[PDB]
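Text of input_19.cif (mmCIF, C-alpha atoms and all ligand atoms) as supplied:
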```cif
data_query
#
loop_
_atom_site.label_atom_id
_atom_site.label_comp_id
_atom_site.auth_asym_id
_atom_site.auth_seq_id
_atom_site.Cartn_x
_atom_site.Cartn_y
_atom_site.Cartn_z
CA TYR A 11 27.12 -51.87 -88.35
CA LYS A 12 29.04 -48.71 -87.45
CA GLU A 13 32.54 -49.19 -86.05
CA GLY A 14 33.85 -46.77 -83.43
CA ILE A 15 36.42 -44.47 -85.01
CA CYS A 16 39.26 -42.79 -83.13
CA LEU A 17 41.10 -39.88 -84.75
CA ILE A 18 44.48 -39.00 -83.27
CA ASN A 19 46.32 -35.69 -83.55
CA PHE A 20 49.57 -37.67 -83.60
CA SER A 21 52.03 -34.98 -84.73
CA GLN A 22 51.17 -32.98 -81.63
CA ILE A 23 51.25 -35.99 -79.31
CA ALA A 24 54.55 -37.36 -80.63
CA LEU A 25 56.41 -34.04 -80.56
CA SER A 26 54.92 -32.95 -77.23
CA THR A 27 55.99 -36.28 -75.74
CA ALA A 28 59.45 -35.93 -77.30
CA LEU A 29 59.87 -32.44 -75.84
CA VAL A 30 58.97 -33.75 -72.37
CA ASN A 31 61.01 -36.95 -72.48
CA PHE A 32 64.11 -36.15 -74.56
CA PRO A 33 66.45 -34.02 -72.38
CA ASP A 34 67.69 -30.66 -73.70
CA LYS A 35 71.14 -30.38 -75.29
CA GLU A 36 71.23 -34.11 -75.99
CA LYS A 37 71.08 -35.42 -79.57
CA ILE A 38 68.03 -37.45 -80.61
CA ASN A 39 68.51 -40.65 -82.62
CA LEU A 40 66.22 -42.88 -84.69
CA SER A 41 65.75 -45.53 -81.99
CA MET A 42 64.88 -42.99 -79.29
CA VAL A 43 62.15 -41.61 -81.55
CA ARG A 44 61.04 -45.10 -82.60
CA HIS A 45 60.53 -46.31 -79.03
CA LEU A 46 58.71 -43.10 -78.10
CA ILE A 47 56.35 -43.16 -81.09
CA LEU A 48 55.42 -46.84 -80.86
CA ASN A 49 54.91 -46.59 -77.09
CA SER A 50 52.82 -43.46 -77.60
CA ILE A 51 50.74 -45.38 -80.14
CA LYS A 52 50.33 -48.44 -77.92
CA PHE A 53 49.20 -46.35 -74.94
CA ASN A 54 46.67 -44.34 -76.96
CA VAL A 55 45.24 -47.12 -79.14
CA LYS A 56 44.58 -49.06 -75.93
CA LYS A 57 42.71 -46.10 -74.45
CA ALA A 58 40.61 -45.79 -77.60
CA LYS A 59 39.78 -49.46 -78.20
CA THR A 60 38.95 -50.01 -74.52
CA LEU A 61 36.30 -47.32 -74.91
CA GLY A 62 34.90 -48.85 -78.09
CA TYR A 63 36.77 -46.89 -80.75
CA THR A 64 38.46 -49.78 -82.54
CA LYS A 65 39.41 -48.06 -85.80
CA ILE A 66 42.49 -45.88 -85.36
CA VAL A 67 43.43 -43.07 -87.74
CA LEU A 68 46.79 -41.34 -87.27
CA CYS A 69 46.75 -37.72 -88.44
CA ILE A 70 50.09 -36.16 -89.38
CA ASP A 71 51.21 -32.58 -90.02
CA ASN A 72 52.92 -32.10 -93.39
CA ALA A 73 54.23 -28.63 -94.21
CA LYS A 74 56.94 -29.76 -96.62
CA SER A 75 55.56 -27.34 -99.19
CA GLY A 76 53.66 -25.04 -96.84
CA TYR A 77 49.91 -24.99 -96.24
CA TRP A 78 46.85 -24.91 -98.51
CA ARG A 79 45.52 -22.06 -96.36
CA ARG A 80 48.53 -20.05 -97.53
CA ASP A 81 46.81 -19.88 -100.92
CA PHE A 82 44.35 -17.55 -99.21
CA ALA A 83 46.76 -15.93 -96.74
CA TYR A 84 50.46 -15.93 -97.61
CA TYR A 85 51.30 -14.90 -94.04
CA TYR A 86 49.69 -18.06 -92.66
CA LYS A 87 52.10 -19.73 -90.23
CA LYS A 88 55.08 -17.65 -91.39
CA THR A 98 68.12 -25.85 -76.64
CA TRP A 99 66.60 -28.98 -78.18
CA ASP A 100 67.67 -31.32 -80.99
CA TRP A 101 64.86 -30.41 -83.39
CA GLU A 102 66.73 -31.59 -86.49
CA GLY A 103 67.42 -34.95 -84.88
CA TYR A 104 63.74 -35.38 -84.06
CA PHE A 105 62.03 -34.31 -87.29
CA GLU A 106 64.66 -36.38 -89.11
CA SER A 107 64.02 -39.59 -87.17
CA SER A 108 60.28 -38.98 -86.82
CA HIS A 109 59.75 -38.72 -90.58
CA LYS A 110 61.61 -42.02 -90.90
CA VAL A 111 59.50 -43.74 -88.24
CA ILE A 112 56.35 -42.33 -89.84
CA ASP A 113 57.21 -44.01 -93.15
CA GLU A 114 57.63 -47.24 -91.19
CA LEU A 115 54.17 -46.93 -89.65
CA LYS A 116 52.82 -46.59 -93.19
CA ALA A 117 54.49 -49.86 -94.16
CA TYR A 118 53.89 -52.19 -91.21
CA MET A 119 51.38 -50.83 -88.67
CA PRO A 120 47.60 -51.38 -89.08
CA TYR A 121 46.73 -47.67 -88.89
CA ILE A 122 45.58 -45.29 -91.63
CA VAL A 123 48.18 -42.52 -91.73
CA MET A 124 46.59 -39.32 -93.02
CA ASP A 125 49.65 -37.61 -94.49
CA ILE A 126 49.24 -35.05 -97.28
CA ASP A 127 51.71 -32.29 -98.14
CA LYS A 128 50.41 -28.78 -97.40
CA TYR A 129 47.75 -30.38 -95.20
CA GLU A 130 47.42 -30.12 -91.41
CA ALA A 131 46.49 -32.82 -88.90
CA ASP A 132 43.65 -30.50 -87.90
CA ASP A 133 42.42 -30.76 -91.48
CA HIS A 134 42.27 -34.56 -91.58
CA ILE A 135 40.61 -34.71 -88.16
CA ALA A 136 38.14 -31.89 -88.83
CA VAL A 137 37.07 -33.39 -92.16
CA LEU A 138 37.01 -37.08 -91.19
CA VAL A 139 35.26 -36.34 -87.89
CA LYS A 140 32.54 -34.52 -89.83
CA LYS A 141 32.26 -37.26 -92.46
CA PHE A 142 32.02 -40.32 -90.20
CA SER A 143 29.96 -38.48 -87.58
CA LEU A 144 27.17 -37.86 -90.09
CA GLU A 145 27.64 -41.44 -91.28
CA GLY A 146 26.59 -42.87 -87.92
CA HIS A 147 29.99 -43.67 -86.41
CA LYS A 148 30.86 -42.75 -82.83
CA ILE A 149 33.98 -40.59 -82.90
CA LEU A 150 36.88 -40.12 -80.47
CA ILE A 151 39.34 -37.26 -80.90
CA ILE A 152 42.62 -37.88 -79.07
CA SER A 153 44.06 -34.40 -78.63
CA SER A 154 44.18 -31.49 -76.18
CA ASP A 155 43.85 -28.84 -78.88
CA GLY A 156 40.94 -26.53 -78.07
CA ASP A 157 40.15 -25.88 -81.74
CA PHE A 158 38.55 -29.33 -81.95
CA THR A 159 35.72 -28.08 -79.73
CA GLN A 160 34.35 -26.84 -83.06
CA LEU A 161 33.61 -30.50 -83.80
CA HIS A 162 31.77 -31.29 -80.56
CA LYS A 163 28.58 -30.01 -82.20
CA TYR A 164 28.49 -33.21 -84.26
CA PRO A 165 26.71 -36.26 -82.76
CA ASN A 166 28.69 -38.93 -80.91
CA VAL A 167 31.89 -36.90 -80.78
CA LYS A 168 34.08 -37.14 -77.67
CA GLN A 169 37.55 -35.68 -77.12
CA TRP A 170 40.27 -37.16 -74.90
CA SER A 171 43.32 -35.22 -73.72
CA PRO A 172 46.36 -37.55 -73.75
CA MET A 173 48.62 -35.30 -71.67
CA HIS A 174 46.09 -34.40 -68.97
CA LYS A 175 44.26 -37.73 -69.16
CA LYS A 176 40.85 -36.05 -68.91
CA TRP A 177 37.83 -35.64 -71.18
CA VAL A 178 37.40 -32.39 -73.12
CA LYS A 179 33.88 -31.00 -72.71
CA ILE A 180 32.88 -27.39 -73.36
CA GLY A 183 27.64 -23.08 -76.90
CA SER A 184 31.02 -21.99 -75.56
CA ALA A 185 32.64 -23.61 -78.60
CA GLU A 186 31.05 -21.00 -80.87
CA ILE A 187 32.44 -18.18 -78.72
CA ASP A 188 35.88 -19.79 -78.66
CA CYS A 189 35.77 -20.07 -82.46
CA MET A 190 34.48 -16.54 -83.02
CA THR A 191 37.12 -15.14 -80.67
CA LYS A 192 39.91 -16.42 -82.92
CA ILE A 193 37.96 -15.28 -85.97
CA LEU A 194 37.59 -11.72 -84.68
CA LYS A 195 40.65 -11.26 -82.47
CA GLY A 196 42.90 -13.58 -84.47
CA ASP A 197 45.32 -16.34 -83.51
CA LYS A 198 48.90 -15.09 -83.15
CA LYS A 199 50.34 -18.61 -83.04
CA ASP A 200 49.27 -19.07 -86.67
CA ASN A 201 49.83 -15.46 -87.74
CA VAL A 202 46.06 -14.97 -87.94
CA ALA A 203 45.45 -11.31 -87.15
CA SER A 204 42.47 -9.43 -85.72
CA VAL A 205 39.82 -7.94 -88.00
CA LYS A 206 40.78 -4.59 -86.49
CA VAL A 207 44.11 -4.67 -88.34
CA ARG A 208 45.51 -5.51 -91.78
CA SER A 209 45.51 -9.16 -92.88
CA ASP A 210 49.27 -9.77 -92.66
CA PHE A 211 49.62 -7.68 -89.49
CA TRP A 212 51.68 -10.29 -87.63
CA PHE A 213 54.12 -10.63 -90.53
CA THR A 214 54.51 -6.95 -91.39
CA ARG A 215 53.92 -5.36 -87.98
CA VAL A 216 56.16 -2.44 -87.06
CA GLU A 217 56.99 -1.57 -83.44
CA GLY A 218 54.68 1.39 -82.87
CA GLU A 219 51.85 -0.97 -83.80
CA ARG A 220 49.35 -2.64 -81.48
CA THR A 221 46.00 -4.28 -82.21
CA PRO A 222 42.86 -2.37 -81.17
CA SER A 223 40.82 -4.36 -78.64
CA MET A 224 37.61 -6.22 -79.51
CA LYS A 225 34.82 -5.85 -76.95
CA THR A 226 33.40 -9.16 -75.72
CA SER A 227 29.78 -8.10 -76.21
CA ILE A 228 30.38 -7.93 -79.96
CA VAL A 229 32.31 -11.21 -80.02
CA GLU A 230 29.36 -13.02 -78.42
CA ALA A 231 26.67 -11.19 -80.39
CA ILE A 232 28.27 -12.35 -83.64
CA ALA A 233 28.87 -15.77 -82.07
CA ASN A 234 25.14 -16.26 -81.47
CA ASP A 235 24.24 -14.77 -84.86
CA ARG A 236 26.89 -14.38 -87.58
CA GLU A 237 24.55 -12.11 -89.54
CA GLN A 238 25.56 -9.55 -86.91
CA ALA A 239 29.00 -9.48 -88.54
CA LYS A 240 27.32 -7.12 -91.01
CA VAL A 241 25.80 -4.75 -88.44
CA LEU A 242 28.51 -4.70 -85.77
CA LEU A 243 31.59 -4.75 -88.00
CA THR A 244 32.75 -2.06 -90.41
CA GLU A 245 33.11 -2.99 -94.08
CA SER A 246 36.86 -3.26 -93.54
CA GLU A 247 36.44 -5.49 -90.49
CA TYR A 248 33.78 -7.58 -92.23
CA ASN A 249 36.19 -8.27 -95.09
CA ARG A 250 38.82 -9.37 -92.59
CA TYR A 251 36.10 -11.45 -90.93
CA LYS A 252 35.47 -13.38 -94.13
CA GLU A 253 39.20 -13.91 -94.60
CA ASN A 254 39.68 -15.32 -91.10
CA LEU A 255 36.77 -17.71 -91.61
CA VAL A 256 38.83 -19.79 -94.02
CA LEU A 257 41.75 -19.68 -91.58
CA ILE A 258 39.93 -20.61 -88.38
CA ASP A 259 36.52 -22.21 -89.00
CA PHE A 260 36.71 -25.89 -89.98
CA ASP A 261 33.42 -25.52 -91.86
CA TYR A 262 35.20 -23.26 -94.35
CA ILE A 263 37.63 -25.95 -95.46
CA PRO A 264 37.33 -25.83 -99.28
CA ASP A 265 35.39 -28.72 -100.83
CA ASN A 266 38.42 -29.69 -102.92
CA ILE A 267 40.59 -29.94 -99.80
CA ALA A 268 38.12 -32.12 -97.91
CA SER A 269 37.55 -34.09 -101.12
CA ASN A 270 41.26 -34.87 -101.30
CA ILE A 271 41.39 -35.80 -97.62
CA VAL A 272 38.47 -38.22 -97.99
CA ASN A 273 39.77 -39.76 -101.21
CA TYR A 274 43.15 -40.37 -99.58
CA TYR A 275 41.47 -42.09 -96.63
CA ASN A 276 39.34 -44.33 -98.85
CA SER A 277 42.35 -45.17 -101.02
CA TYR A 278 44.53 -46.25 -98.10
CA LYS A 279 45.64 -49.89 -98.13
CA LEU A 280 46.50 -51.31 -94.71
CA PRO A 281 49.47 -53.69 -94.31
CA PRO A 282 48.60 -57.20 -93.05
CA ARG A 283 49.32 -57.61 -89.33
CA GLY A 284 51.98 -60.21 -90.18
CA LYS A 285 54.20 -57.25 -91.02
CA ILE A 286 54.25 -55.93 -87.45
CA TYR A 287 56.25 -58.77 -85.89
CA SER A 288 58.96 -58.95 -88.55
CA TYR A 289 59.22 -55.16 -88.31
CA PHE A 290 59.47 -55.09 -84.51
CA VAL A 291 62.38 -57.54 -84.68
CA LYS A 292 63.96 -55.77 -87.64
CA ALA A 293 63.97 -52.59 -85.54
CA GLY A 294 65.48 -54.32 -82.52
CA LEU A 295 62.23 -53.99 -80.58
CA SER A 296 62.29 -57.64 -79.50
CA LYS A 297 60.77 -56.69 -76.15
CA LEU A 298 57.59 -55.52 -77.86
CA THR A 299 56.71 -58.54 -79.99
CA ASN A 300 54.87 -59.86 -76.93
CA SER A 301 52.69 -56.75 -77.02
CA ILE A 302 51.59 -56.86 -80.66
CA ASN A 303 48.07 -57.67 -79.48
CA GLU A 304 48.04 -54.21 -77.92
CA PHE A 305 48.64 -52.50 -81.27
MG MG A 401 43.53 -24.19 -87.53
#
```

Give the structure from the file, written as structure tokens.
Amino acid sequence: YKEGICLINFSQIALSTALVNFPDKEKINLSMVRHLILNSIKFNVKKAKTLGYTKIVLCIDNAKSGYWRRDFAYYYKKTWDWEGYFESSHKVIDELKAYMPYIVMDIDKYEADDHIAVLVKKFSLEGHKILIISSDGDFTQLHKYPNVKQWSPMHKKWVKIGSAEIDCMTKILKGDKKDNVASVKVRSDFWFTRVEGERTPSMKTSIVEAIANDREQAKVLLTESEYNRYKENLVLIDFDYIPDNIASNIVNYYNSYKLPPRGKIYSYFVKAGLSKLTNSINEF
């Protein structure tokens, strides 16, 4: 019938785990990253499958050549051994593609949020029960779709939020500094070209919610300048505004993914000196 599908924001989980586990001012090698990633996978796949989500899809961030959203906004997204991590992680990722039984959504200029947002929408409407393994609040945009639950790996609690529309509209109107998305009250590339004497005019909550409940209010409550910014930020924030060609690519990639036979896992575990994991293959 319809298999339970679990979509994992892995790039976040792996890195976040690495930041917490790998001590500062200590170099990070390939094995350290390998152990961490595979253990992270084992722990999360077991949480998913136990709940009924038996198909696992690993979603990876890939900004080797930037982001597709940058085509719309150039400013988009413009001690610890970071080099050592990214270096080893990319190598372990390629290994997961070659031996592990998971579909690894990895497209250059594509975000993990893209793969999740698109695939969640696709398989949700297709009758599958979906599980999003991530703490990211942006994925509350996807809770509106039937049979969609979200599990926070770090806090080990369910993510349940109407309030999703307000959360989404808040970033659309006020912006999202972390991604260089600016408020509609200021110029598009504000965060990238901001001088010092510059601050962003505040956005009253009453308007944020009014537009949240009825987006046609974006025409009556926003000035023409702000409305133009509003439309721009839609493509940057709202998952629904992911271009058809982008989602089309994401889907095609998924459907064209060939999984490696499970016989590969064992020989790989040994090849990587993970002998004390071959007795846990059933957990992968
Ligand atoms: Mg986003």

* Best match for closeness to ligand MG 401 (chain A) among A:60, A:31, A:26, A:159, counting all atoms listed in the file -> A:159

* To do: Tell me which of A:195, A:121, A:104, A:154 sits closest to residue 36 (chain A), counting only C-alpha atoms.
  => A:104

* To do: Figure out the distance between CA of residue 115 (chain A) and CA of residue 273 (chain A), please, to one decimal in Å.
  => 19.8 Å

* **CA of residue 192 (chain A) to CA of residue 137 (chain A), distance in Å rounded to a single decimal** =>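 CA of residue 192 (chain A) sits 19.5 Å away from CA of residue 137 (chain A).
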
Kindly provide the residues of chain A that approach ligand MG 401 (chain A) to within 10 Å, each paired with its closest atom pair and their distance in Å to one decimal, based on all atoms listed in the file, listed by chain and increasing number, as CSV.
```
residue,atom,partner,partner_atom,distance
A:79,CA,A:MG401,MG,9.3
A:130,CA,A:MG401,MG,8.1
A:131,CA,A:MG401,MG,9.2
A:132,CA,A:MG401,MG,6.3
A:133,CA,A:MG401,MG,7.7
A:136,CA,A:MG401,MG,9.5
A:155,CA,A:MG401,MG,9.8
A:157,CA,A:MG401,MG,6.9
A:158,CA,A:MG401,MG,9.1
A:192,CA,A:MG401,MG,9.7
A:197,CA,A:MG401,MG,9.0
A:199,CA,A:MG401,MG,9.9
A:200,CA,A:MG401,MG,7.7
A:202,CA,A:MG401,MG,9.6
A:256,CA,A:MG401,MG,9.1
A:257,CA,A:MG401,MG,6.3
A:258,CA,A:MG401,MG,5.1
A:259,CA,A:MG401,MG,7.4
A:260,CA,A:MG401,MG,7.4
```

* To do: Rank nothing, just name the residue among A:16, A:45, A:28, A:251 nearest to residue 65 (chain A), using all atoms listed in the file.
  =>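 Using all atoms listed in the file, residue 65 (chain A) sits closest to A:16.
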
* Asked: What is the CA of residue 68 (chain A) to CA of residue 55 (chain A) distance in Å?
  ->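 Atom-to-atom, CA of residue 68 (chain A) to CA of residue 55 (chain A), that is 10.1 Å.
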
* Nearest to residue 278 (chain A): which of A:27, A:42, A:69, A:124 is it, counting all atoms listed in the file? -> A:124

Any idea what's packed within 10 Å of residue 283 (chain A), counting all atoms listed in the file, ignoring anything in its chain fewer than 3 positions away? Could you give it as an mmCIF file with C-alpha atoms, in the coordinates of the input?
```cif
data_model
loop_
_atom_site.group_PDB
_atom_site.id
_atom_site.type_symbol
_atom_site.label_atom_id
_atom_site.label_comp_id
_atom_site.auth_asym_id
_atom_site.auth_seq_id
_atom_site.Cartn_x
_atom_site.Cartn_y
_atom_site.Cartn_z
ATOM 1 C CA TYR A 118 53.890 -52.190 -91.210
ATOM 2 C CA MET A 119 51.380 -50.830 -88.670
ATOM 3 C CA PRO A 120 47.600 -51.380 -89.080
ATOM 4 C CA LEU A 280 46.500 -51.310 -94.710
ATOM 5 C CA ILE A 286 54.250 -55.930 -87.450
ATOM 6 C CA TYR A 287 56.250 -58.770 -85.890
ATOM 7 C CA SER A 288 58.960 -58.950 -88.550
ATOM 8 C CA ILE A 302 51.590 -56.860 -80.660
ATOM 9 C CA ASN A 303 48.070 -57.670 -79.480
ATOM 10 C CA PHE A 305 48.640 -52.500 -81.270
#
```

* **residue 47 (chain A) environment, 10 Å, all atoms listed in the file, sequence neighbours closer than 4 positions dropped, as a list in words** =>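 The contact residues come out as residues 20, 21, 23, 24, 25, 27, 28, 41, 42, 43, 51, 52, 53, 108, 111, 112 and 115 of chain A.
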
* For the point (52.9, -15.7, -93.9) in file coordinates, what residues are within 9 Å, counting all atoms listed in the file? Give the answer as JSON, numbers by chain? -> {"A": [80, 83, 84, 85, 86, 87, 88, 200, 201, 210, 212, 213]}

Mind writing the picked residues with C-alpha atoms as a PDB file, in the coordinates of the input?
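Result written to again.pdb:
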```
ATOM      1  CA  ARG A  80      48.530 -20.050 -97.530  1.00  0.00           C
ATOM      2  CA  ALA A  83      46.760 -15.930 -96.740  1.00  0.00           C
ATOM      3  CA  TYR A  84      50.460 -15.930 -97.610  1.00  0.00           C
ATOM      4  CA  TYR A  85      51.300 -14.900 -94.040  1.00  0.00           C
ATOM      5  CA  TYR A  86      49.690 -18.060 -92.660  1.00  0.00           C
ATOM      6  CA  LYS A  87      52.100 -19.730 -90.230  1.00  0.00           C
ATOM      7  CA  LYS A  88      55.080 -17.650 -91.390  1.00  0.00           C
ATOM      8  CA  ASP A 200      49.270 -19.070 -86.670  1.00  0.00           C
ATOM      9  CA  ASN A 201      49.830 -15.460 -87.740  1.00  0.00           C
ATOM     10  CA  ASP A 210      49.270  -9.770 -92.660  1.00  0.00           C
ATOM     11  CA  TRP A 212      51.680 -10.290 -87.630  1.00  0.00           C
ATOM     12  CA  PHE A 213      54.120 -10.630 -90.530  1.00  0.00           C
TER      13      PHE A 213
END
```

* To do: Choose the residue, out of A:126, A:102, A:149, A:117, that has the smallest atom-to-atom separation from residue 13 (chain A); count only C-alpha atoms.
  =>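 Checking each of A:126, A:102, A:149, A:117 against residue 13 (chain A), counting only C-alpha atoms, the winner is A:149.
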
* Shell of 7 Å around region 245-250 of chain A, all atoms listed in the file, local chain residues under 4 positions omitted, as a PyMOL selection string -> chain A and resi 205-206+209+239-240+254

* Nearest residue to residue 12 (chain A) from the set A:32, A:274, A:129, A:142 (distances using all atoms listed in the file) ->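 Between A:32, A:274, A:129, A:142, the residue approaching residue 12 (chain A) most closely is A:142.
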